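Please read the structure below before turning to the comments.
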2 protein chains.
Amino acid sequence: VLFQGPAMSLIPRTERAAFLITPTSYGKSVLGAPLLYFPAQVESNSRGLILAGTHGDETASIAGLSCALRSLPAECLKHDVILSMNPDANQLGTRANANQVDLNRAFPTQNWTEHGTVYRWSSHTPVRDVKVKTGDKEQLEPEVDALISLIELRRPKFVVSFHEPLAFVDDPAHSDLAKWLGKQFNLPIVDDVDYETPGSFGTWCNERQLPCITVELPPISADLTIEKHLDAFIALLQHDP
Amino acid sequence: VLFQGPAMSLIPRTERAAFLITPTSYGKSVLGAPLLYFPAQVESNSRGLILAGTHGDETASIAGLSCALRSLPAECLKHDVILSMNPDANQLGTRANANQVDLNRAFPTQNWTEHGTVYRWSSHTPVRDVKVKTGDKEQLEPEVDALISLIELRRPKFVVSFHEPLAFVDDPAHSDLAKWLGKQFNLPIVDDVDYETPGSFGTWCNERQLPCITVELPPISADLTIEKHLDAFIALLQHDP
Ligand SMILES: [Zn+2]
Ligand SMILES: [Zn+2]
C-alpha cells in the first residue's frame with residue numbers, strides 16, 4: 001500500500017447538533033408523527049436508501065446513523081437517509097408500531113398472511129414467544145405504505161437497513177456491497193436469512209429485484225456505536241457501490 | 001431473614017407486546033407527535049411520576065421502562081409513566097429536540113438564560129463542546145410547556161427521571177428513595193449534581209420543592225438493560241416511597 005487513503009473531512013464536532021439538510025416528509029405515522037427522509041445531495045446513477053428504525057427499540061443504529069449524517073458535509077451525501085421509519089415505536093420503546101404490528105412482518109409480500117407471529121423477548125431468552133401482529137389484510141400500516149411510495153418515487157438502486165442485535169451483515173445475493181459492509185463494521189456475513197419470511201422487508205425487496213442488505217449490529221449501546229462505528233456509517237453515506 | 005419476599009407476579013411474557021393501559025395525551029411535540037403518559041391505576045397519597053426520554057438518544061432507559069410497564073399487571077401501577085417526553089428527538093436520534101434545544105437546559109428556572117451551552121459528543125470525548133440551544137426567552141419548548149402543565153395538573157409527590165450514560169443515581173437531598181434506587185439498580189449515589197444548572201429539570205424541581213431523582217444508567221444496550229434491570233424498573237413502578 002503506498003499511502004493511507006485520506007481521512008474523510010467532517011463537519012467540526014462543535015457544529016454537529018444541527019442538521020444542515022432539511023428533511024422532507026414522506027408520510028405520517030399511526031400516531032400522527034411526520035415520517036422524514038433526508039434527500040441525497042449528489043446526483044448519481046447509484047443513489048440508494050439507508051434506513052433505520054424498522055423496529056422501534058433498535059436505537060443504537062438510529063443514533064449512529066444520525067450522528068454520521070450530521071458529521072458529513074451536506075454536499076457529500078450520495079443516498080437518501082431515513083433515521084427512523086417507525087417514530088411511534090421509538091417514543092413507545094417497542095419493537096412493533098402503535099398498532100402492535102411488527103413492521104418487518106407487515107410488507108405486502110406474495111406470501112403475506114394475516115396470522116400473527118412471535119418475536120424474542122431479549123437476546124438470551126431461549127425461544128421467540130412474544131406475540132405480535134403482522135397487519136390488516138385490507139390496509140397497510142401507514143409507515144409501510146409510506147416507505148413503499150417513497151421507494152416507488154425515488155427508485156433507489158439498493159437499500160441498506162440497520163437492525164440490532166444479531167451481530168451480522170445479512171447478504172441477499174453474495175454481493176460486494178455486503179462484503180464491503182462486513183469489513184467496515186467488522187461483522188461476519190451470513191447469506192440468506194429471513195429473505196423468505198412473509199412480510200419481511202428483505203422478502204419484499206427480493207420480489208422486486210431490489211438489492212437489500214441488513215446490517216444487524218451486536219447488542220451495543222448508542223455511545224459505543226458512536227465511538228466504534230461512526231466512520232463506518234459516514235463511509236456508507238458517501239459510498240459508491 | 002426468614003423467607004425470600006415473594007417474586008412479583010407479571011403479565012405472561014407471551015402477552016407483553018400490548019399496553020393494557022391506554023395512555024392519555026398531555027400535548028404535542030414540535031413536529032406534531034403526541035406526548036403520552038400512562039396514568040397511575042392505584043389511588044394513593046404517594047403517587048409520583050416516572051419519566052424517560054428527556055434526551056432523545058438515551059433510549060436504553062426508554063426500552064427498560066417500556067418493557068417494565070408492559071410486564072406489570074395494570075392494576076399494580078402506582079405512578080404516572082412517561083416513556084418518552086421528547087418523541088421527536090427519539091426519531092431524529094438526537095440529544096436535543098427538533099429545534100436543537102437541550103430540554104434539560106430549557107426549563108424556566110430562576111437563573112435560566114438565553115445563551116447556548118455545549119454537551120459531550122460521546123462518553124470518552126475529553127470535553128463538552130457540541131453546541132446546543134437552551135430555548136427562546138419568549139416561549140417554552142412545547143415538550144417543556146406540556147410536561148410542566150402535566151405536573152401542575154397531577155401533582156406528583158416525586159419524579160424519577162432516567163438518563164444515560166453517567167452510571168449513578170443523582171440524589172437531590174440525601175433521601176431514602178435515592179438509596180433504594182441505588183440498591184435496586186446497583187449504582188453509586190452522588191449528591192447534588194446539576195441541580196443548580198440554568199434550565200435543568202432538577203433545578204426546576206428544587207425551586208418547587210419537588211423531590212426529583214435522576215437515575216443515569218451506564219452506557220448499556222437496551223438488550224442488557226432488559227436482561228439486567230427489568231425487575232428494578234418493575235419494582236419502581238409499584239414502589240411506595
Ligand atoms: Zn430488528
Ligand atoms: Zn441525559
Side-chain angles (χ1 to χ4, degrees), chain A residues 13-19 23 28-29 31-36 52-53 56-67 69-70 83-84 86-88 90-96 100 102 118-119 121-125 129-133 164-165 218-224 226-227 230, chain B residues 13-19 23 28-29 31-36 52-53 56-67 69-70 83-84 86-88 90-96 100 102 118-119 121-125 129-133 164-165 218-224 226-227 230:
Chain A
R13 196 175 61 203
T14 65
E15 316 303 295
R16 296 186 197 166
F19 290 110
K28 231 97 225 275
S29 67
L31 295 179
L35 268 10
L36 300 176
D57 56 345
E58 295 169 15
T59 51
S61 50
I62 299 172
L65 189 57
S66 176
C67 288
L69 173 64
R70 284 178 281 114
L83 268 11
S84 176
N86 195 355
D88 302 349
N90 294 146
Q91 70 148 119
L92 297 166
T94 52
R95 176 196 194 82
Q100 286 59 58
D102 190 317
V118 284
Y119 63 90
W121 177 250
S122 67
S123 69
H124 301 96
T125 306
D129 66 4
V130 186
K131 297 164 180 164
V132 74
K133 299 189 201 213
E164 292 135 63
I220 55 173
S221 66
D223 184 67
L224 180 66
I226 295 336
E227 302 190 330
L230 184 71
Chain B
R13 196 175 61 203
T14 65
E15 316 303 295
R16 296 186 197 166
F19 290 110
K28 231 97 225 275
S29 67
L31 295 179
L35 268 10
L36 300 176
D57 56 345
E58 295 169 15
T59 51
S61 50
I62 299 172
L65 189 57
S66 176
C67 288
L69 173 64
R70 284 178 281 114
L83 268 11
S84 176
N86 195 355
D88 302 349
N90 294 146
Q91 70 148 119
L92 297 166
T94 52
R95 176 196 194 82
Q100 286 59 58
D102 190 317
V118 284
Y119 63 90
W121 177 250
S122 67
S123 69
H124 301 96
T125 306
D129 66 4
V130 186
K131 297 164 180 164
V132 74
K133 299 189 201 213
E164 292 135 63
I220 55 173
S221 66
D223 184 67
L224 180 66
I226 295 336
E227 302 190 330
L230 184 71

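In the text below, chain A, chain B and the rest are named by the order of the sequence lines, each starting its count at 1.
For B:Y119, there are no ring-ring contact (aromatic ring centres under 6.0 Å, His included) partners at least two apart in sequence or on another chain. Every residue two or more places apart in sequence or in another chain that forms a side chain to side chain contact (heavy atoms under 4.5 Å, CB included) with A:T125 is listed here: A:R120, A:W121, A:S122, B:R13.
Proximity of A:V130 to A:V118: side-chain heavy atoms (C-beta onward) are nowhere separated by under 4.5 Å. Two residues are said to be in side-chain contact when any heavy atoms from C-beta on lie closer than 4.5 Å; B:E227 and A:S123 meet this criterion.
No other option in B:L224, B:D102, B:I220 has as many heavy-atom pairs under 4.5 Å with chain A as B:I220. When A:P165, A:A222, A:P23, A:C67 are compared by the number of non-hydrogen pairs under 4.5 Å with chain B, A:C67 comes out ahead. Among B:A33, B:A17, B:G56, the residue making the largest number of heavy-atom pairs under 4.5 Å with chain A is B:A17. Per-residue heavy-atom pair counts under 4.5 Å with chain B were compared for A:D129, A:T94, A:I62, and the maximum is reached by A:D129. Chain B forms more heavy-atom pairs under 4.5 Å with one residue of A:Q100, A:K133, A:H124 than with any other, namely A:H124. For chain A, the option among B:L35, B:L31, B:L92 with the highest count of heavy-atom pairs below 4.5 Å is B:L92. In terms of non-hydrogen atom pairs under 4.5 Å with chain A, the most contact-rich of B:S84, B:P34, B:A96, B:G32 is B:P34. Options B:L69, B:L36, B:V132 differ in how many heavy-atom pairs under 4.5 Å they form with chain A, and the most are formed by B:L36. The candidate with the highest count of non-hydrogen atom pairs below 4.5 Å against chain A, out of B:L65, B:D57, B:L83, is B:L83.
Proximity to chain A is absent for every atom of B:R95, based on heavy atoms less than 4.5 angstrom apart. Contact of A:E15 with chain B is made through the side chain alone, with heavy-atom distances under 4.5 Å.
The backbone N or O of B:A60 lies less than 3.5 Å from a partner atom in the side chain of B:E164, making a donor-acceptor pair. Remark: side-chain polar atoms of B:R70 are paired, donor with acceptor, to backbone N or O of B:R16 under 3.5 angstrom.
Between A:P87 and A:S29, the shortest heavy-atom contact is CG-CB, 4.0 Å.
The line from CG of B:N90 to CD of B:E58 is 10.5 Å long, rounded to the nearest 0.5 Å.
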